[PDB]
Structures are given as structure tokens and as C-alpha cells.
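Heads up: the structure comes next, in C-alpha cells.
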Amino acid sequence: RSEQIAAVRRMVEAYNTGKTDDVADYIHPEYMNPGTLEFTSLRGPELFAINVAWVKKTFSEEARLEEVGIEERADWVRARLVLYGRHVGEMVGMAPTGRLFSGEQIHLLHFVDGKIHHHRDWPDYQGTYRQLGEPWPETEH
Amino acid sequence: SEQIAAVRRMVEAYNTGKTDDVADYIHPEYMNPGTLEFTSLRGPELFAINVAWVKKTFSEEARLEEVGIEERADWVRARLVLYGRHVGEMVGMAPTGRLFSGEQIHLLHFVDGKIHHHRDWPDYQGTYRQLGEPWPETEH
Amino acid sequence: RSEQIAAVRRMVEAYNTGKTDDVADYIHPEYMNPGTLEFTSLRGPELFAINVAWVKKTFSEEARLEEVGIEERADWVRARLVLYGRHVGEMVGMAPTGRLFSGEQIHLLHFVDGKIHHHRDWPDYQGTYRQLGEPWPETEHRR
Amino acid sequence: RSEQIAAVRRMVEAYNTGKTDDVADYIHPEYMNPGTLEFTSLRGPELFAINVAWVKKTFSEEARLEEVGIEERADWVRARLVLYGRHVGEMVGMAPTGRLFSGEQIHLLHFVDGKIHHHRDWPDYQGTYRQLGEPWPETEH
Ligand SMILES: CC[C@@H](O)C[C@@H](O)c1c(CC(=O)OC)cc2c(c1O)C(=O)c1c(O)cccc1C2=O
Ligand SMILES: CC[C@@H](O)C[C@@H](O)c1c(CC(=O)OC)cc2c(c1O)C(=O)c1c(O)cccc1C2=O
Ligand SMILES: CC[C@H](O)C[C@@H](O)c1c(CC(=O)OC)cc2c(c1O)C(=O)c1c(O)cccc1C2=O
Ligand SMILES: CC[C@H](O)C[C@@H](O)c1c(CC(=O)OC)cc2c(c1O)C(=O)c1c(O)cccc1C2=O
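Residue numbers (the entry's author numbering), protein chains in the order written: chain A, 1 to 141; chain C, 2 to 141; chain D, 1 to 143; chain B, 1 to 141.
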């Protein structure tokens, strides 16, 4: 039973439930996610919490992250997930399209001190954009 | 457009699984080359078997969502997204019970005001990944 | 060194070179690919040879199949390949677009009696279609 | 003739040739690309030139960006492109694999004062990652 994978599964559940009160349990104080850089300078558990909140706000409370597979190698975990949502909040300067979508994701996670220290994820941006009807942005984010 | 209306009825038939009225919009000589592996049937009967297979393989809850539909003369292009769960044998791959969703592009040719030729391109590789990349147990 | 994997690499090399003199070495007499049922009733090394020729005709002599990875499990091989080409011949009723494209592919091959007996391949149809400029078919026929 | 589309085509040409001496002609002094934030805090023509350099360093001098289609709506341009390269440089902590790859991209560009002022680019991250043999990162750094 991998502690690393169990922690990643808690992370996934956070996206599903939206509940982030306990994230300090598995999110390192120095947690970073380069994908968040455009939105905030926060780090650690508060950074992960703001990501989860953004997901529920933008892609609906009913947004789901489904697990396809999770593997590990030393202090690293690779998660193959699928995001299901509906576009209901402003997304980087694109007005809500109200469109359903689903997009595969690959996540790379690095563990330090038994907690998630670095988190990179690659949404299916283009696939999502297509399913959103390829909206034209209304403003720069 | 009556053509776009017909394609929307086709999409609904996948969603409801109800194929009693398909002769309304499916040409007697309807062909879908993607079906050749499974059957030699044509027309409304062929379309119905395709719909039945989707419900059997991808669950009763399988549905097609519309992204967009375009037309040009006697042709329609439908940009759709299939949502389902792999519950039935899929060309020799055993049921995985896994959820999946994959964009699709459908090209439809109308003759005599009905759908005469139908090509569709599922996201085979994306679906395969979401199904955990199963190894086939047999040749279809 | 897997003989099955070696056979699949010979298959890939045939698409690359267009050289098919020796395909009977590794293609089963009863070889079938369900994806080409629309085009011909051929089977065996004969079917494979014409499929290779069609690729070179439709996607140019310079069309390439690059290997990402190949794995095997008992009598089955899974090949992760990438096709590169330029669309220069009629393709299912769509006129040549002259467009460069590249698309990942997943191939599933079943061996029987030491030769490739069943071959299923999944091109990135939609990705390819996008890169071709999403052409409208001119005919539902071959033309 | 669209001056905007012409400008975006000069941008595309810069990725292809690696020739960036004239980028100030079409890149706004305040040009930003949020995709670059992990790597640099630069803005303007300098940021664009750095991006081009990184592409050539990481994906080889032979890297090419092919045009599928470009459209515009008011002060916005959408470019549908395809990147071709070979993974020859360290890529966010993943060692060079020497592997060929090609992946579609969608770019969204906003013009201000007749120059490219904001640039968002969605590579096919997952498809590229696959073609690179899904490498495990050697560092987070
Ligand atoms: C706080 C800032 C963020 O939370 C936004 C950022 O998280 C974000 C995410 C979160 C994520 O990585 O997957 C759950 C996803 C997307 C995005 C995102 O900013 C996107 O911006 C995005 C897009 O512009 C076009 C298509 C798809 C997407 C996304 O899928
Ligand atoms: C200054 C540094 C940057 O320029 C890096 C950034 O360019 C970057 C680019 C540039 C790009 O937009 O293509 C024309 C592409 C990728 C990436 C990138 O940082 C990637 O990081 C990347 C990846 O991690 C996995 C798969 C693909 C990619 C990229 O395709
Ligand atoms: C009647 C039986 C059929 O025609 C099977 C066939 O419908 C079929 C469909 C339905 C369709 O859209 O083609 C018209 C979809 C898939 C498939 C299919 O046979 C697949 O076989 C399939 C697969 O093997 C791996 C991933 C995805 C798929 C499919 O999405
Ligand atoms: C004899 C005629 C043929 O066999 C056509 C057939 O070869 C074919 C191949 C080759 C192959 O993968 O078969 C084993 C590839 C494609 C296709 C094909 O017929 C396609 O039709 C096709 C398409 O309509 C839209 C996008 C992509 C493709 C293909 O990539």
C-alpha cells in the first residue's frame, strides 16, 4: 500500500468534493504548481486549495476527476485522470459557454517529506476548447 | 434545415435507444462502413443494430452530446461527444466497467432527403486509454 | 529478442520503404484488417501489400511510420506508432488536400502460427482530419 | 489582407527560422504569455525571443511550426498550428529523449496598438509526452 498514491487519491477526492480543510495533511508547505502562476503567488496548502476552488467555480460544483491509473517511481507519482465538467465560470478571459466537456489529464507529482511538493498537470486544453465550441476570449486575463 | 433536423433525430436515437421510427430519416440503402466488421445489413435495420450495439457495449446510459453541426449541399458534418461506460464486449476486449468520453466527427450524405451514407470517427485512442488499454482476449 | 516484435517491425518497415516482396514471411495467409473492409475483400499478404501501396499513394512515398514503443502479451502485440505524410491522393471521397499531417496510432496485432493473423489499427482520424483542413467529401464513392 | 494575420504569420516564421532580430516590429512592448511564467519574468519582444530560443534549444534547430489555419475576430487572432520537433534539450526536468514528435497547437493572440499584446498557446502536452515515451522527470528543478 503506497502512502504516496494514497495521498494522490486524497488530492483527487478534494477536486471531487471541493473540501480542502485537511489539505495540509498531504500538501507540502512549499507546494508549487507552475500552472497556477498566472492566477496567484500563493504556495503550499493554500495554493492547492485555491486550485480546487477555481475548478468548482469554473467547471461547476459537479465537476468530477475520474481515475484511470496511478503509478509511482521513487519519490514521483504519475496520475492519469479525466476531468468532467460544465463551463460555468470565466476561464482566462473567456465568458462561460455553459458547455459540457470531458478531458483526459496527466499529472506529475514530486514528494518531499512524504507530502506533495511539486505538481504539474496537463489538461487536454485543445480537446476541452473544442467541446466548449471554441470560444473567442472577451478580455485578457 | 431538414438535413440538420434529421441528424438531430439520429443523435436522439442513440440517446433513447428508440429505433422504431428510424425509417423516417434513414435511407433504405443506408450504409456505414464502420459496421462492416459486424454485419451485412443495410438501411434502417443497419442503423438500429448500430444503436443497439452502443447501448449493449457502452451501457443504456451512453449518450451523444452535440458540439456543432454544419452542412454543405447534401452533406452534414456533426461534431459530437460520446459518453459511456464499457459494460459489453468491445471487438474482443472484455468489459472493463470503466467510464469514458470521446469526441466524434460524423460525415453524413443525404439522398432522397434521407441519410444514405454515414461515416463516423470515434476517438479510438482516447477511449482506449480511458478503458485502461485492455489487451484483447480474442479476435473479433 | 521477441520474434513477434521483430515481425511487427518488419511490418512497420514495409510501410516506410514501400518494399513488400517478402510480406508472406510474416503476414498470415488469413490476415485480416477490419479497417480496410470498405475498400477490398482481399486477405493475407495480398491485402497487406495493397494496404501498403495505398498508404504510399495516398500519403506520399515519403510517408513515415515512426515507432514510439511496442509491447507484447502472449500472442498479442500492441504497437504505438506515429504516421507522418502529405495528403496527396483521394481518401474516402475527399479530394487531395496537399496537407502535411502527423497522427499517433495504436495497433493491435494477433499472431497465429507465428504470423500476423489479425490487425486492428486506430489512426488519429479526427486529429488528421483537422490537419487536413477538415475537407468536405466530394463523393460517397471511391470517386 | 489582414495586418493582424500577417503579424501572427511573422511570429510563426520566427519559430521556424529562429531569426528574431526584428520581433519588435510585431511584438508589443508589454507582450505577455502566461505559459512562460515558470521560466522567466520577462515581458515584450524580449520574452517572445526567449520563447523562440527555448523551442530551438529544447526541440532542435530543425523544429517547425506548420500552419493549419488562422482566423480573426476584431482585435483577436486564433492560430491553429502544428509543432514538429525532436526532444534534444531538458524539458521541465525531463532529460532529452532524442525522440521525434509532432503535436497540434492552438494559439490565441490579442492585439493592442497593432502589435501582439497577449499570447496564450496550448501545445498538445499529453500527445507530445506519449511520443517522448512518457519520461519520468529526473528533477523538479
Ligand atoms: C487557480 C487557477 C487554476 O485553478 C486554473 C487552472 O487550474 C486550470 C485548470 C485546472 C487543472 O489543472 O485541471 C483541473 C484547467 C484548465 C485551465 C486552467 O486554467 C484552463 O485555463 C483551460 C483552458 O484555458 C482551456 C481549456 C482547458 C483548460 C483547463 O482544463
Ligand atoms: C521560455 C520557455 C518556454 O518557451 C517554454 C515553452 O515554450 C514550452 C513550449 C513552447 C511552445 O509553446 O511550442 C511552440 C512547448 C512545450 C512546453 C514548454 O514549456 C512543455 O513544457 C511541454 C511539456 O512539458 C510536455 C509536452 C509538451 C510541451 C511543450 O510542447
Ligand atoms: C454494430 C457494431 C458497431 O458498428 C460497432 C461500432 O459501432 C463501434 C463504435 C460505434 C460507432 O460509432 O461506429 C459506427 C464505436 C467504437 C467501436 C465500435 O466498434 C470500437 O470498436 C471502439 C474500440 O474498439 C476502441 C475504442 C473505441 C471504440 C468505439 O468508440
Ligand atoms: C485500401 C485502402 C485503405 O486501406 C485505406 C486505409 O489504409 C486507411 C489508412 C491506413 C491504415 O491505417 O489502414 C491499415 C489510414 C487512414 C485512412 C484509411 O482509409 C483514412 O481513411 C483516414 C481518414 O478518412 C481520415 C483521417 C485519417 C485516415 C487515415 O489515417
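Backbone N, C-alpha and C define an ideal beta-carbon position, used for all residues, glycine too.
Residue i (DSSP reduced to helix, strand or coil)
i: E3/A; result: helix
i: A79/A; result: strand
i: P96/C; result: coil
i: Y26/A; result: coil
i: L65/A; result: strand
i: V88/B; result: coil
i: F48/A; result: helix
i: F39/B; result: coil
i: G103/C; result: strand
i: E72/C; result: strand
i: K115/A; result: strand
i: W54/A; result: helix
i: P137/C; result: coil
i: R130/D; result: helix
i: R120/C; result: strand
Close beta carbons around residue i, own chain, < 6 Å, minus the five adjacent residues each side
i: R10/D; result: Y26
i: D124/D; result: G103 and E104
i: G127/B; result: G103
i: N33/D; result: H119
Straight-line Cα distance separating residue j from residue i
i: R99/D; j: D22/A; result: 52 Å
i: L37/C; j: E72/A; result: 42 Å
i: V82/A; j: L81/C; result: 18 Å
i: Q105/D; j: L65/D; result: 9 Å
i: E140/D; j: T40/D; result: 16 Å
i: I50/C; j: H87/C; result: 18 Å
i: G133/D; j: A24/A; result: 48 Å
i: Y31/A; j: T20/B; result: 36 Å
i: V8/C; j: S60/B; result: 46 Å
i: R43/B; j: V92/D; result: 48 Å
i: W76/D; j: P135/C; result: 11 Å
i: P45/A; j: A14/A; result: 12 Å
i: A6/B; j: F48/C; result: 47 Å
i: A74/D; j: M94/C; result: 15 Å
i: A53/B; j: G18/B; result: 7 Å
i: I116/B; j: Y129/A; result: 21 Å
i: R1/D; j: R1/A; result: 34 Å
Residue i: CB within 6 Å of a non-hydrogen atom of ligand 6
i: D121/C; result: With respect to ligand 6, the structure offers nothing, as its ligand set consists of ligand 1, ligand 2, ligand 3 and ligand 4.
Distance cut-off 6 Å: residue i Cβ against heavy atoms of ligand 4
i: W54/D; result: yes
i: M32/D; result: no
i: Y125/C; result: no
i: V12/D; result: no
i: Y129/D; result: yes
Nearest candidate by alpha-carbon position, reference residue i, set the options
i: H118/D; options: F101/C, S60/C, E138/C and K115/C; result: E138/C
i: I70/C; options: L109/C, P135/C and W122/C; result: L109/C
i: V112/B; options: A6/B, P29/B, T17/B and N16/B; result: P29/B
i: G35/B; options: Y129/B, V55/B, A6/B and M94/B; result: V55/B
Proximal residues to residue i (C-beta, below 8 Å), its chain only, five neighbours per side dropped
i: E3/C; result: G114
i: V12/A; result: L65, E67, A79 and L81
i: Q131/B; result: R99, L100, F101, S102 and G103
i: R143/D; result: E90 and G93
Residues near residue i in its chain [Cβ-Cβ closer than 7 Å; skip 5 each side]
i: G85/B; result: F59, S60, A63 and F101
i: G89/A; result: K57, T58 and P96
i: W122/C; result: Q105 and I106
i: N16/A; result: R64 and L65
Any non-hydrogen atom of ligand 1 closer than 6 Å to residue i Cβ
i: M91/C; result: no
i: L83/A; result: yes
Near ligand 3: residue i beta-carbon under 6 Å from a heavy atom
i: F39/C; result: yes
i: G35/D; result: no
i: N51/C; result: yes
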